[PDB]
Amino acid sequence: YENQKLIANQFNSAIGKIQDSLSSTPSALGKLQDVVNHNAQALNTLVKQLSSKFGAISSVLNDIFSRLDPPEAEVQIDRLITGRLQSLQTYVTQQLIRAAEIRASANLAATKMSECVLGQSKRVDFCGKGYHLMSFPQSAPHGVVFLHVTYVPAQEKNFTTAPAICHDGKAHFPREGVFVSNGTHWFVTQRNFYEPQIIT
Amino acid sequence: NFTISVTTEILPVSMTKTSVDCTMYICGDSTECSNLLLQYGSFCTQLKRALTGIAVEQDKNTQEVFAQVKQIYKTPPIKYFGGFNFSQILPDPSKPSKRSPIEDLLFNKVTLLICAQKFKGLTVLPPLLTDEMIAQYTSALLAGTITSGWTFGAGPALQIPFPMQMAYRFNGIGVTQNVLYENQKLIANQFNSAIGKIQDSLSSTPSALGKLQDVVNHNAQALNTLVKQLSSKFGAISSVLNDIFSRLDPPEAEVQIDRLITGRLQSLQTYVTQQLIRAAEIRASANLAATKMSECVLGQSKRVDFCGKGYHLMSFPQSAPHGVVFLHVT
Amino acid sequence: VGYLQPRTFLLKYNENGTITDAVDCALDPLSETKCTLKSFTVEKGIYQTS
Amino acid sequence: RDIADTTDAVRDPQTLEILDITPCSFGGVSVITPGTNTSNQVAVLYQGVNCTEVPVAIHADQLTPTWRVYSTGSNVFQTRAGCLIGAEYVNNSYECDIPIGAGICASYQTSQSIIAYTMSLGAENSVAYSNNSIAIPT
Ligand SMILES: *[C@@H]1O[C@H](CO)[C@@H](O[C@@H]2O[C@H](CO)[C@@H](O[C@@H]3O[C@H](CO)[C@@H](O)[C@H](O)[C@@H]3O)[C@H](O)[C@H]2NC(C)=O)[C@H](O)[C@H]1NC(C)=O
Ligand SMILES: *[C@@H]1O[C@H](CO)[C@@H](O[C@@H]2O[C@H](CO)[C@@H](O)[C@H](O)[C@H]2NC(C)=O)[C@H](O)[C@H]1NC(C)=O
Ligand SMILES: *[C@@H]1O[C@H](CO)[C@@H](O[C@@H]2O[C@H](CO)[C@@H](O)[C@H](O)[C@H]2NC(C)=O)[C@H](O)[C@H]1NC(C)=O
Ligand SMILES: *[C@@H]1O[C@H](CO)[C@@H](O[C@@H]2O[C@H](CO)[C@@H](O)[C@H](O)[C@H]2NC(C)=O)[C@H](O)[C@H]1NC(C)=O
Ligand SMILES: *[C@@H]1O[C@H](CO)[C@@H](O[C@@H]2O[C@H](CO)[C@@H](O)[C@H](O)[C@H]2NC(C)=O)[C@H](O)[C@H]1NC(C)=O
Ligand SMILES: *[C@@H]1O[C@H](CO)[C@@H](O)[C@H](O)[C@H]1NC(C)=O
Ligand SMILES: *[C@@H]1O[C@H](CO)[C@@H](O)[C@H](O)[C@H]1NC(C)=O
Ligand SMILES: *[C@@H]1O[C@H](CO)[C@@H](O)[C@H](O)[C@H]1NC(C)=O
Ligand SMILES: *[C@@H]1O[C@H](CO)[C@@H](O)[C@H](O)[C@H]1NC(C)=O
Ligand SMILES: *[C@@H]1O[C@H](CO)[C@@H](O)[C@H](O)[C@H]1NC(C)=O
């Protein structure tokens with residue numbers, strides 16, 4: 001509250017830098033780009049695999065009945081009906097592999113929306129570098145994009161600390177904080193921010 | 001009262017990369033096959049692409065687990081951390097390999113001519129991060145979690161005395177910080193006694209590293225049965241290709257080796273498909289080890305029985321062959 | 001006068017079907033990298049070839 | 001024979017001296033290129049071969065690659081993944097740009113040429129640890 005004008009100004013500059021960050025580097029959406037590229041380049045080989053002879057005399061079955069007879073066609077078409085058969089099984093098996101990799105990533109993104117977005121996460125480095133504050137989801141083609149608003153300490157100052165102090169012949173431990181000294185006097189302060197307080 | 005227990009936990013991170021080429025495995029040293037092998041199309045580009053992807057991501061698994069800090073910290077020369085003895089996990093500079101006394105056991109209890117007897121078109125690529133820089137990353141993690149605590153994982157490293165970092169680890173448990181100071185001589189003595197048993201129990205049970213022993217056993221044995229099918233006849237006359245052409249006519253051989261060119265190709269397709277199963281298990285375990293490193297090491301976890309059985313205080317990573325070993329202090 | 005031999009090429013067609021450019025697949029490693037990548041522009045990185 | 005049951009040791013029919021059979025040297029060829037939008041010079045890595053076995057074959061009609069002038073190229077450098085031909089080894093370390101293997105990462109530096117170097121993991125820092133000193137952000 002004593003720093004809200006600074007914090008709100010600091011947040012607006014950070015969220016404006018996101019649009020410049022994504023629009024610059026091309027590898028920004030590569031997570032989603034290789035998802036659609038792997039699907040397209042697996043369909044392309046599946047289409048091109050029927051253009052191969054598979055050890056037969058031709059790649060089309062209508063030609064191998066006009067220029068070749070019926071009894072041995074069965075063995076000629078069997079060499080081509082199993083080449084496209086194994087090519088379709090190869091395509092399906094790689095699709096189950098990719099679906100398991102996607103579902104393991106969609107289960108993570110459902111966990112990210114449940115924890116980073118619907119609450120404040122105490123799991124460090126789960127929802128971005130630094131102490132988590134809140135997250136904002138954004139939609140994307142075949143994916144989701146988060147905006148992890150975090151809290152990064154800066155401008156650290158060295159200090160001299162003590163575990164406890166003894167005043168009336170008995171030890172005194174801080175309740176919520178740490179004893180520090182600026183060289184002359186002793187103060188109690190928060191662990192993650194510097195506000196000196198009189199030892200009370 | 002209480003006791004402080006150190007429990008080890010071993011997780012695979014990456015497996016051995018490999019690469020199979022198209023023609024030399026199937027019909028190498030045979031120019032009469034390579035024109036006939038073109039009659040399949042995407043038979044082997046797909047296999048090469050899949051194995052290269054299994055390999056590219058084997059370097060991403062090691063990068064996302066160990067390389068989590070942009071700054072390589074180093075330990076101070078003064079090795080008095082509050083009476084706690086950290087000699088077993090900080091690196092030993094007297095050894096030529098800058099590894100801890102515990103990492104030296106782990107790099108001796110895992111075994112791989114074995115990789116070089118598979119030279120039939122099979123090439124085992126080396127990892128991008130070599131062995132002496134993975135342990136450099138682990139030393140950078142240990143030099144931060146002792147001097148700075150959890151503060152290096154969330155911003156600038158902010159130094160703190162270790163007897164006091166453990167008071168904040170005690171405050172997360174549910175006990176106040178006065179129990180750590182009134183008993184630090186006992187706590188520091190109990191921690192070093194518990195960390196001494198890790199050096200003995202790791203070299204006692206043989207199957208302690210069975211988690212990393214079978215990730216290299218499964219990859220080497222599947223490599224072994226891959227080259228064991230080059231002697232497979234597949235219903236032909238001879239398993240050797242050149243004796244088929246010389247001792248049999250040109251028309252019959254092309255169809256005769258057509259079942260030797262797809263029987264041996266389906267043996268290669270079975271190996272690639274089995275690698276995609278095994279890479280997914282490792283990638284599911286590398287993301288688990290990255291979660292352990294980002295939460296148990298870079299902070300204090302409130303998750304029950306995640307970073308060790310008990311109330312988790314703070315953990316240490318240790319490098320390992322094709323994996324990582326965590327030392328959970330509970 | 002020049003001699004033809006069996007060579008593999010990559011031909012770039014325009015929208016009107018004319019051969020606007022071509023690249024050999026056996027001249028130098030950059031050309032065979034373009035030939036095995038099926039692109040006249042190659043991004044920065046490592047690529048496995050024959 | 002061996003574990004894989006391959007013929008790897010024979011005895012000559014004349015005299016009783018023994019001979020060892022190791023197969024002919026083979027390996028993949030990997031190029032180390034920047035973008036073609038950037039300069040068109042490349043570097044070539046021969047994967048997993050001894051590098052004294054490549055420059056014997058600087059001739060015509062002798063290998064699966066057809067180029068001859070590139071084998072007499074820049075300075076070779078035996079890494080742990082074969083030798084890299086076309087890029088020079090540079091002592092100081094930077095961050096990885098194009099990964100090669102066993103710590104070697106090539107990049108395009110300054111005239112301009114492709115150089116190879118060992119990876120730099122990060123900036124070296126020493127935390128000022130003391131048993132009575134703490135650091136608190138302001
Ligand atoms: C460590 O922190 C303490 C607390 O702020 C510092 O003590 C304070 O020092 C300033 C000037 O150095 C004092 O301000 C002036 O003091 C004179 C004394 O006669 C007074 O007449 C003025 O009106 C003005 O207040 C301040 O009073 C003093 N605080 C207390 C409680 O006495 C100390 O200097 C710091 N040490 C460092 C930075 O090394
Ligand atoms: C507090 O500041 C720094 C740490 O933030 C302490 O160490 C100095 O900074 C670097 C850290 O290694 C060294 O290169 C300097 O030489 C250090 N300075 C000295 C004088 O040793 C610094 O010592 C601390 N100062 C005080 C007054 O506590
Ligand atoms: C908590 O348990 C520890 C472990 O037994 C106790 O430490 C021992 O205490 C006895 C007597 O108090 C000594 O004779 C032993 O030498 C101590 N063990 C070690 C390893 O030094 C400790 O006293 C217990 N705490 C309380 C409050 O009883
Ligand atoms: C930390 O533990 C190590 C391991 O026990 C200690 O090294 C031993 O030190 C004693 C006495 O100096 C020797 O008798 C042993 O032979 C040492 N063992 C080894 C393996 O070197 C070390 O002294 C301990 N350090 C502290 C500060 O407690
Ligand atoms: C036949 O085999 C014999 C030995 O089995 C060979 O005899 C040796 O030949 C070498 C050189 O030719 C001599 O240095 C040895 O002293 C010979 N040994 C004996 C026991 O005679 C012989 O070379 C082979 N070939 C022919 C054509 O005889
Ligand atoms: C292709 O044909 C269209 C139709 O006339 C023309 O506008 C265009 O310039 C042509 N492109 C060429 C010749 O490159
Ligand atoms: C090509 O390089 C120039 C600078 O040399 C750069 O401005 C441009 O964006 C690059 N284009 C692509 C497609 O990489
Ligand atoms: C490569 O060849 C050199 C010289 O012949 C030799 O010293 C070196 O040991 C060889 N390396 C391997 C791995 O065989
Ligand atoms: C580069 O390093 C090598 C060995 O690491 C050394 O022999 C050589 O003198 C170094 N060159 C320079 C200019 O430092
Ligand atoms: C810090 O450790 C050194 C060496 O063990 C010791 O001389 C010094 O008194 C210690 N500082 C405090 C405040 O106890």
# chains A, B, ... in the order shown; residues from 1 in each chain; ligands from 1
>>> select_by_dssp(residues="range 15-65 of chain D", states="strand (DSSP E or B)", output="PyMOL selection string")
chain D and resi 18-20+29-33+43-46
>>> write_last_selection(atoms="N, CA, C and O atoms", output="short mmCIF file (atom, residue, chain, number, x, y, z; two decimals), in the first residue's frame")
data_model
loop_
_atom_site.label_atom_id
_atom_site.label_comp_id
_atom_site.auth_asym_id
_atom_site.auth_seq_id
_atom_site.Cartn_x
_atom_site.Cartn_y
_atom_site.Cartn_z
N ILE D 18 48.49 -64.70 -36.23
CA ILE D 18 47.06 -64.45 -36.11
C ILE D 18 46.76 -63.04 -36.59
O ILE D 18 47.62 -62.14 -36.55
N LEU D 19 45.55 -62.84 -37.11
CA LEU D 19 45.13 -61.56 -37.66
C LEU D 19 43.83 -61.13 -37.01
O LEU D 19 42.99 -61.96 -36.66
N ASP D 20 43.68 -59.82 -36.86
CA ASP D 20 42.49 -59.23 -36.26
C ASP D 20 41.68 -58.53 -37.35
O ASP D 20 42.24 -57.79 -38.16
N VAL D 29 27.72 -38.00 -41.42
CA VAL D 29 28.30 -36.70 -41.71
C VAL D 29 27.31 -35.65 -41.25
O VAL D 29 26.15 -35.64 -41.70
N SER D 30 27.74 -34.78 -40.35
CA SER D 30 26.92 -33.70 -39.84
C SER D 30 27.54 -32.37 -40.23
O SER D 30 28.74 -32.16 -40.05
N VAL D 31 26.72 -31.47 -40.75
CA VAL D 31 27.17 -30.13 -41.13
C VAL D 31 26.88 -29.18 -39.98
O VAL D 31 25.91 -29.36 -39.23
N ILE D 32 27.75 -28.19 -39.80
CA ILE D 32 27.59 -27.16 -38.78
C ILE D 32 27.38 -25.86 -39.53
O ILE D 32 28.34 -25.19 -39.90
N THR D 33 26.13 -25.48 -39.74
CA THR D 33 25.92 -24.31 -40.56
C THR D 33 25.23 -23.20 -39.77
O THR D 33 24.47 -23.47 -38.84
N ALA D 43 30.73 -25.86 -41.70
CA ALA D 43 31.73 -26.74 -41.12
C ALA D 43 31.15 -28.15 -41.06
O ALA D 43 29.95 -28.32 -40.84
N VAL D 44 32.00 -29.15 -41.26
CA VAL D 44 31.55 -30.53 -41.42
C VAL D 44 32.13 -31.38 -40.30
O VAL D 44 33.34 -31.35 -40.06
N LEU D 45 31.26 -32.12 -39.62
CA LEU D 45 31.65 -33.05 -38.57
C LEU D 45 31.46 -34.48 -39.06
O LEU D 45 30.36 -34.85 -39.49
N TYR D 46 32.52 -35.28 -38.99
CA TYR D 46 32.45 -36.70 -39.30
C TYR D 46 32.31 -37.44 -37.97
O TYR D 46 33.23 -37.43 -37.15
#
>>> interface_residues(of="chain D", to="chain C", cutoff="9 Å", atoms="only C-alpha atoms", output="ChimeraX atom specification")
/D:28-38,40-44,64-67,70,97-100
>>> select_by_dssp(residues="range 39-72 of chain B", states="helix (DSSP H, G or I)", output="count of residues only")
23
>>> residues_near_ligand(ligand="ligand 10", cutoff="6 Å", atoms="only C-alpha atoms and all ligand atoms", output="list in words")
residues 80 of chain B; 131 and 132 of chain D
>>> interface_residues(of="chain A", to="chain D", cutoff="8 Å", atoms="only C-alpha atoms", output="PyMOL selection string")
chain A and resi 153-162+180+191-195
>>> residues_near_ligand(ligand="ligand 1", cutoff="7 Å", atoms="only C-alpha atoms and all ligand atoms", output="ChimeraX atom specification")
/A:182-185
>>> write_last_selection(atoms="N, CA, C and O atoms", output="mmCIF file, in the first residue's frame")
data_model
loop_
_atom_site.group_PDB
_atom_site.id
_atom_site.type_symbol
_atom_site.label_atom_id
_atom_site.label_comp_id
_atom_site.auth_asym_id
_atom_site.auth_seq_id
_atom_site.Cartn_x
_atom_site.Cartn_y
_atom_site.Cartn_z
ATOM 1 N N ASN A 182 22.881 -2.360 11.613
ATOM 2 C CA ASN A 182 23.472 -1.486 10.612
ATOM 3 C C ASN A 182 24.866 -1.015 11.007
ATOM 4 O O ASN A 182 25.392 -0.077 10.399
ATOM 5 N N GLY A 183 25.469 -1.649 12.009
ATOM 6 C CA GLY A 183 26.772 -1.258 12.501
ATOM 7 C C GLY A 183 26.716 -0.755 13.928
ATOM 8 O O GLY A 183 27.604 -1.048 14.733
ATOM 9 N N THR A 184 25.666 0.000 14.254
ATOM 10 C CA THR A 184 25.528 0.621 15.565
ATOM 11 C C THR A 184 24.378 0.028 16.368
ATOM 12 O O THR A 184 24.588 -0.457 17.483
ATOM 13 N N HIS A 185 23.164 0.053 15.829
ATOM 14 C CA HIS A 185 21.971 -0.354 16.556
ATOM 15 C C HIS A 185 21.422 -1.651 15.977
ATOM 16 O O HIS A 185 21.726 -2.029 14.845
#
>>> residues_near_ligand(ligand="ligand 9", cutoff="10 Å", atoms="only C-alpha atoms and all ligand atoms", output="list in words")
residues 89, 90, 91 and 92 of chain D
>>> atom_distance(atom1="CA of residue 67 in chain A", atom2="CA of residue 254 in chain B")
20.1 Å
>>> closest_atom_pairs(of="chain B", to="chain D", cutoff="8 Å", atoms="only C-alpha atoms", output="JSON lines")
{"residue": "B:21", "atom": "CA", "partner": "D:28", "partner_atom": "CA", "distance": 8.0}
{"residue": "B:70", "atom": "CA", "partner": "D:122", "partner_atom": "CA", "distance": 5.5}
{"residue": "B:71", "atom": "CA", "partner": "D:123", "partner_atom": "CA", "distance": 4.9}
{"residue": "B:72", "atom": "CA", "partner": "D:124", "partner_atom": "CA", "distance": 5.0}
{"residue": "B:73", "atom": "CA", "partner": "D:125", "partner_atom": "CA", "distance": 4.9}
{"residue": "B:74", "atom": "CA", "partner": "D:126", "partner_atom": "CA", "distance": 5.4}
{"residue": "B:75", "atom": "CA", "partner": "D:126", "partner_atom": "CA", "distance": 7.1}
{"residue": "B:76", "atom": "CA", "partner": "D:129", "partner_atom": "CA", "distance": 6.7}
{"residue": "B:81", "atom": "CA", "partner": "D:131", "partner_atom": "CA", "distance": 7.7}
{"residue": "B:82", "atom": "CA", "partner": "D:131", "partner_atom": "CA", "distance": 7.6}
{"residue": "B:117", "atom": "CA", "partner": "D:4", "partner_atom": "CA", "distance": 7.2}
{"residue": "B:118", "atom": "CA", "partner": "D:4", "partner_atom": "CA", "distance": 7.6}
{"residue": "B:121", "atom": "CA", "partner": "D:26", "partner_atom": "CA", "distance": 7.8}
{"residue": "B:123", "atom": "CA", "partner": "D:27", "partner_atom": "CA", "distance": 7.4}
{"residue": "B:125", "atom": "CA", "partner": "D:81", "partner_atom": "CA", "distance": 7.1}
{"residue": "B:126", "atom": "CA", "partner": "D:101", "partner_atom": "CA", "distance": 5.9}
{"residue": "B:127", "atom": "CA", "partner": "D:101", "partner_atom": "CA", "distance": 5.8}
{"residue": "B:128", "atom": "CA", "partner": "D:101", "partner_atom": "CA", "distance": 4.3}
{"residue": "B:129", "atom": "CA", "partner": "D:103", "partner_atom": "CA", "distance": 5.5}
{"residue": "B:130", "atom": "CA", "partner": "D:102", "partner_atom": "CA", "distance": 4.8}
{"residue": "B:133", "atom": "CA", "partner": "D:121", "partner_atom": "CA", "distance": 7.9}
{"residue": "B:137", "atom": "CA", "partner": "D:121", "partner_atom": "CA", "distance": 7.9}
{"residue": "B:144", "atom": "CA", "partner": "D:127", "partner_atom": "CA", "distance": 7.9}
{"residue": "B:147", "atom": "CA", "partner": "D:129", "partner_atom": "CA", "distance": 5.7}
{"residue": "B:148", "atom": "CA", "partner": "D:127", "partner_atom": "CA", "distance": 7.8}
{"residue": "B:157", "atom": "CA", "partner": "D:127", "partner_atom": "CA", "distance": 7.4}
{"residue": "B:158", "atom": "CA", "partner": "D:135", "partner_atom": "CA", "distance": 5.1}
{"residue": "B:159", "atom": "CA", "partner": "D:134", "partner_atom": "CA", "distance": 5.5}
{"residue": "B:160", "atom": "CA", "partner": "D:134", "partner_atom": "CA", "distance": 4.7}
{"residue": "B:161", "atom": "CA", "partner": "D:131", "partner_atom": "CA", "distance": 4.7}
{"residue": "B:162", "atom": "CA", "partner": "D:131", "partner_atom": "CA", "distance": 7.4}
{"residue": "B:224", "atom": "CA", "partner": "D:4", "partner_atom": "CA", "distance": 7.3}
{"residue": "B:227", "atom": "CA", "partner": "D:4", "partner_atom": "CA", "distance": 7.0}
{"residue": "B:228", "atom": "CA", "partner": "D:4", "partner_atom": "CA", "distance": 6.4}
>>> residues_around(residues="residue 87 in chain D", least_positions_apart="6", cutoff="8 Å", atoms="only C-alpha atoms", output="list in words")
residues 43, 74, 75, 76, 77, 113, 114, 115 and 116 of chain D
>>> residues_near_ligand(ligand="ligand 3", cutoff="12 Å", atoms="only C-alpha atoms and all ligand atoms", output="list in words")
residues 1, 2, 3, 4, 179, 182, 183, 184, 185, 186, 187, 188, 189, 190, 191, 192, 193 and 194 of chain B
>>> write_last_selection(atoms="C-alpha atoms", output="PDB file, in the first residue's frame")
ATOM      1  CA  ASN B   1      12.711 -35.448  21.057  1.00  0.00           C
ATOM      2  CA  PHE B   2      13.540 -35.904  17.385  1.00  0.00           C
ATOM      3  CA  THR B   3      15.966 -37.509  14.979  1.00  0.00           C
ATOM      4  CA  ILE B   4      17.303 -36.215  11.669  1.00  0.00           C
ATOM      5  CA  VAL B 179      14.624 -25.668  19.468  1.00  0.00           C
ATOM      6  CA  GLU B 182      19.253 -24.788  22.174  1.00  0.00           C
ATOM      7  CA  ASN B 183      20.130 -28.121  20.487  1.00  0.00           C
ATOM      8  CA  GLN B 184      22.501 -27.178  17.613  1.00  0.00           C
ATOM      9  CA  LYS B 185      25.431 -29.229  18.964  1.00  0.00           C
ATOM     10  CA  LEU B 186      23.119 -32.258  19.007  1.00  0.00           C
ATOM     11  CA  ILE B 187      21.560 -31.454  15.619  1.00  0.00           C
ATOM     12  CA  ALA B 188      24.908 -30.897  13.882  1.00  0.00           C
ATOM     13  CA  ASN B 189      26.250 -34.131  15.372  1.00  0.00           C
ATOM     14  CA  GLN B 190      23.143 -36.082  14.354  1.00  0.00           C
ATOM     15  CA  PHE B 191      23.208 -34.790  10.774  1.00  0.00           C
ATOM     16  CA  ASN B 192      26.832 -35.795  10.148  1.00  0.00           C
ATOM     17  CA  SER B 193      26.178 -39.245  11.609  1.00  0.00           C
ATOM     18  CA  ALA B 194      23.197 -39.708   9.283  1.00  0.00           C
TER      19      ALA B 194
END
>>> closest_residue(among="A:26, A:128, A:141, A:196", to="chain B", atoms="only C-alpha atoms")
A:128
>>> residues_near_ligand(ligand="ligand 5", cutoff="8 Å", atoms="only C-alpha atoms and all ligand atoms", output="PyMOL selection string")
chain D and resi 13-16
>>> write_last_selection(atoms="N, CA, C and O atoms", output="compact mmCIF listing (two decimals), in the first residue's frame")
# COMPACT_ATOMS: atom_id res chain seq x y z
N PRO D 13 46.13 -69.14 -43.73
CA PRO D 13 46.48 -70.53 -44.09
C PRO D 13 47.97 -70.76 -44.26
O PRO D 13 48.46 -71.86 -43.97
N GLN D 14 48.71 -69.76 -44.73
CA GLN D 14 50.16 -69.80 -44.72
C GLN D 14 50.66 -69.06 -43.48
O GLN D 14 50.17 -67.98 -43.16
N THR D 15 51.61 -69.70 -42.77
CA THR D 15 52.14 -69.34 -41.45
C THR D 15 51.08 -69.34 -40.35
O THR D 15 49.88 -69.45 -40.61
N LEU D 16 51.52 -69.25 -39.10
CA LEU D 16 50.63 -69.39 -37.96
C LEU D 16 50.41 -68.08 -37.21
O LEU D 16 49.92 -68.10 -36.08
>>> residues_near_ligand(ligand="ligand 8", cutoff="8 Å", atoms="only C-alpha atoms and all ligand atoms", output="VMD selection string")
chain D and resid 49 to 52
>>> write_last_selection(atoms="C-alpha atoms", output="PDB file, in the first residue's frame")
ATOM      1  CA  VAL D  49      35.902 -41.681 -36.739  1.00  0.00           C
ATOM      2  CA  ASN D  50      39.614 -41.214 -36.216  1.00  0.00           C
ATOM      3  CA  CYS D  51      40.574 -38.145 -38.163  1.00  0.00           C
ATOM      4  CA  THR D  52      43.713 -39.632 -39.733  1.00  0.00           C
TER       5      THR D  52
END
>>> closest_atom_pairs(of="chain B", to="chain C", cutoff="12 Å", atoms="only C-alpha atoms", output="tab-separated table")
residue	atom	partner	partner_atom	distance
B:19	CA	C:48	CA	10.3
B:20	CA	C:48	CA	11.6
B:21	CA	C:50	CA	8.7
B:22	CA	C:50	CA	9.5
B:23	CA	C:50	CA	10.4
B:24	CA	C:50	CA	11.4
B:45	CA	C:36	CA	10.1
B:48	CA	C:48	CA	9.4
B:49	CA	C:48	CA	9.8
B:51	CA	C:48	CA	11.8
B:52	CA	C:48	CA	9.0
B:56	CA	C:46	CA	10.9
>>> atom_distance(atom1="CA of residue 155 in chain B", atom2="CA of residue 130 in chain A")
5.9 Å
>>> closest_atom_pairs(of="chain C", to="ligand 6", cutoff="12 Å", atoms="only C-alpha atoms and all ligand atoms", output="Markdown table")
| residue | atom | partner | partner_atom_place_in_ligand_line | distance |
| --- | --- | --- | --- | --- |
| C:13 | CA | ligand 6 | 14 (O) | 9.8 |
| C:14 | CA | ligand 6 | 14 (O) | 6.7 |
| C:15 | CA | ligand 6 | 1 (C) | 6.2 |
| C:16 | CA | ligand 6 | 1 (C) | 4.9 |
| C:17 | CA | ligand 6 | 1 (C) | 8.5 |
| C:18 | CA | ligand 6 | 14 (O) | 7.8 |
| C:19 | CA | ligand 6 | 14 (O) | 9.8 |
| C:20 | CA | ligand 6 | 14 (O) | 8.0 |
| C:21 | CA | ligand 6 | 14 (O) | 11.6 |
>>> closest_residue(among="D:39, D:56, D:7, D:84", to="ligand 7", atoms="only C-alpha atoms and all ligand atoms")
D:39
>>> closest_residue(among="B:299, B:251, B:308, B:77", to="chain A", atoms="only C-alpha atoms")
B:299
>>> residues_near_ligand(ligand="ligand 4", cutoff="8 Å", atoms="only C-alpha atoms and all ligand atoms", output="PDB file with N, CA, C and O atoms, in the first residue's frame")
ATOM      1  N   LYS B  79      35.343 -23.604   5.672  1.00  0.00           N
ATOM      2  CA  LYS B  79      34.447 -24.753   5.615  1.00  0.00           C
ATOM      3  C   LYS B  79      33.817 -25.057   6.970  1.00  0.00           C
ATOM      4  O   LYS B  79      33.589 -26.217   7.317  1.00  0.00           O
ATOM      5  N   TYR B  80      33.526 -24.024   7.750  1.00  0.00           N
ATOM      6  CA  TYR B  80      32.814 -24.179   9.015  1.00  0.00           C
ATOM      7  C   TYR B  80      31.401 -23.650   8.814  1.00  0.00           C
ATOM      8  O   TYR B  80      31.157 -22.446   8.931  1.00  0.00           O
ATOM      9  N   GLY B  83      29.123 -26.023  12.333  1.00  0.00           N
ATOM     10  CA  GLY B  83      29.326 -27.338  12.899  1.00  0.00           C
ATOM     11  C   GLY B  83      28.821 -28.479  12.045  1.00  0.00           C
ATOM     12  O   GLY B  83      29.119 -29.639  12.352  1.00  0.00           O
ATOM     13  N   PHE B  84      28.066 -28.188  10.991  1.00  0.00           N
ATOM     14  CA  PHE B  84      27.609 -29.220  10.074  1.00  0.00           C
ATOM     15  C   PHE B  84      28.742 -29.583   9.125  1.00  0.00           C
ATOM     16  O   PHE B  84      29.401 -28.700   8.569  1.00  0.00           O
ATOM     17  N   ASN B  85      28.974 -30.877   8.943  1.00  0.00           N
ATOM     18  CA  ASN B  85      30.051 -31.363   8.092  1.00  0.00           C
ATOM     19  C   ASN B  85      29.485 -31.693   6.718  1.00  0.00           C
ATOM     20  O   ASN B  85      28.612 -32.555   6.590  1.00  0.00           O
ATOM     21  N   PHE B  86      29.993 -31.011   5.694  1.00  0.00           N
ATOM     22  CA  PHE B  86      29.551 -31.187   4.318  1.00  0.00           C
ATOM     23  C   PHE B  86      30.660 -31.737   3.430  1.00  0.00           C
ATOM     24  O   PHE B  86      30.710 -31.435   2.236  1.00  0.00           O
ATOM     25  N   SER B  87      31.563 -32.533   4.004  1.00  0.00           N
ATOM     26  CA  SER B  87      32.709 -33.016   3.241  1.00  0.00           C
ATOM     27  C   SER B  87      32.312 -34.078   2.228  1.00  0.00           C
ATOM     28  O   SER B  87      33.025 -34.285   1.240  1.00  0.00           O
ATOM     29  N   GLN B  88      31.194 -34.764   2.455  1.00  0.00           N
ATOM     30  CA  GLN B  88      30.789 -35.853   1.579  1.00  0.00           C
ATOM     31  C   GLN B  88      30.110 -35.379   0.304  1.00  0.00           C
ATOM     32  O   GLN B  88      30.013 -36.159  -0.649  1.00  0.00           O
ATOM     33  N   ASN B 192      25.611 -35.230  10.717  1.00  0.00           N
ATOM     34  CA  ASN B 192      26.832 -35.795  10.148  1.00  0.00           C
ATOM     35  C   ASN B 192      26.884 -37.303  10.340  1.00  0.00           C
ATOM     36  O   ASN B 192      27.487 -38.019   9.533  1.00  0.00           O
ATOM     37  N   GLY B 196      26.869 -39.977   7.168  1.00  0.00           N
ATOM     38  CA  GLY B 196      27.938 -40.952   7.047  1.00  0.00           C
ATOM     39  C   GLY B 196      27.424 -42.326   6.666  1.00  0.00           C
ATOM     40  O   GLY B 196      28.143 -43.121   6.053  1.00  0.00           O
TER      41      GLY B 196
END
>>> decode(residues="range 22-26 of chain C", atoms="N, CA and C atoms", output="compact mmCIF listing (two decimals), in the first residue's frame")
# COMPACT_ATOMS: atom_id res chain seq x y z
N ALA C 22 17.74 -24.07 -59.21
CA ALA C 22 18.04 -25.46 -58.91
C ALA C 22 19.28 -25.51 -58.04
N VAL C 23 19.42 -26.61 -57.30
CA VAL C 23 20.60 -26.84 -56.48
C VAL C 23 21.03 -28.30 -56.64
N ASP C 24 22.33 -28.51 -56.81
CA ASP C 24 22.87 -29.85 -56.88
C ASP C 24 22.79 -30.52 -55.52
N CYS C 25 22.79 -31.85 -55.51
CA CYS C 25 22.79 -32.61 -54.27
C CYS C 25 24.14 -33.24 -53.97
N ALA C 26 25.17 -32.94 -54.77
CA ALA C 26 26.48 -33.54 -54.54
C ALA C 26 27.63 -32.56 -54.76
